[PDB]
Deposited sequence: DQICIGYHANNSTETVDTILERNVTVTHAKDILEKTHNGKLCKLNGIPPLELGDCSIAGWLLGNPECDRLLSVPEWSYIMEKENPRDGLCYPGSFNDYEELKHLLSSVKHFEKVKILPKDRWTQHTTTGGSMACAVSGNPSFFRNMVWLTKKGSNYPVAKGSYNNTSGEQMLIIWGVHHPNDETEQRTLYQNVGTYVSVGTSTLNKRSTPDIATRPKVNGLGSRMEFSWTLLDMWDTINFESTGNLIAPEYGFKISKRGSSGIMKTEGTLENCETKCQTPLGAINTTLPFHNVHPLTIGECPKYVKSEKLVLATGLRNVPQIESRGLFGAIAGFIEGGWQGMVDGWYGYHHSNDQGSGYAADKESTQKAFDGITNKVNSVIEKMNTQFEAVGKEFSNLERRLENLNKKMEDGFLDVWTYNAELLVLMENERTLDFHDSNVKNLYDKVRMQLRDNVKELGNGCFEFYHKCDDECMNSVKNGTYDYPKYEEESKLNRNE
């Protein structure tokens, strides 16, 4: 006496947003944005980071006496540094092309220290200088990877030193030039006035001269030390020549292995954990195409946006009924699929569920979500560059570029989710109506529409007849004759 069409309802209270209506309660949803992190600084793919502590890159490479534990550092995954490290250049001065050196370090995973110029080779100079700026146990000291050359007796012969790169791969060499305060300092230390420092390779030619002038006292001294670096290629030679004011290197840094790394500015300490994507705030264990944790991440991190909510609609609208049809609303007791029928024949009732339509819809929505998710191209992220106080325009350019790309991706994500939600919520209603129309057109003129969602039979359509009606194979003539009799 009754076969009806209706859809599925449940107790879900998930809300998605479309472009024509907000706060739409749905049965099934899927968040595609992650907002959680572990909160600890961990190991990236099992490799511990380089914990500099309160030391700077310059202090580590030059051998600041306070950074004595960073003398034989092993493999590392990324560098952990403080915003304002305390122990950098103990002797006041500058470091030429510091940011370029940091950028180079952003792609190096190991260093091996090679003794290129031994300290005892300077048989005609004094190699025991020091200062109270870099002092250990009260007594003066100096950088542990550099040599300060001073006159022996009352003479400063021309100092010449050379090295040929027979180590195996590229080498990093740092030297410095000392600028005294007054003329008496220069005469006491180097015995000559008008000195020069010459450094030359196959691709480098630099000659520097000292500057003597009264300067404001930094760390109790009016003198400065300017440091420079170069990258010595394989099978190349470097030459040193100076009549005074030379801080000769004693060790060279050889690149052992290369890879993808970065410098992360955190004030934390490493803890025992293993991670893949590491933000300055904590680790991430995710699979979604979006997150809103931190922009400057290191690793394989999906995507950063300023959207606080991105939920895709995977199911139908939750419209409880207050046997009716799909005009009134969904059904609570039809837990077998998505779309289905209901019947009340002589034998017994029961909430069935159509299989082909539900399967087709499930495949379509699954393909939709997979297409949205699996079109992101996530690569290694190591963004974050350092700029000097005389490169503000470049810093502004970088900031604007990142901001613009972020805004574009945010707009794309929000547009995609809204339009997709609207299309899916229309798709489900279209499928329900298609099923009802197919059933009605196959049944033809042996039934009576009731205007609420379903029919009333003009004949005794038994259980096999009923399954045939749902099967799609309903014989019209073989029950036609009786229907005409009752309808009239």
| query | finding |
| --- | --- |
| Regions of the deposited sequence not represented in the model | 323-330, 497 |
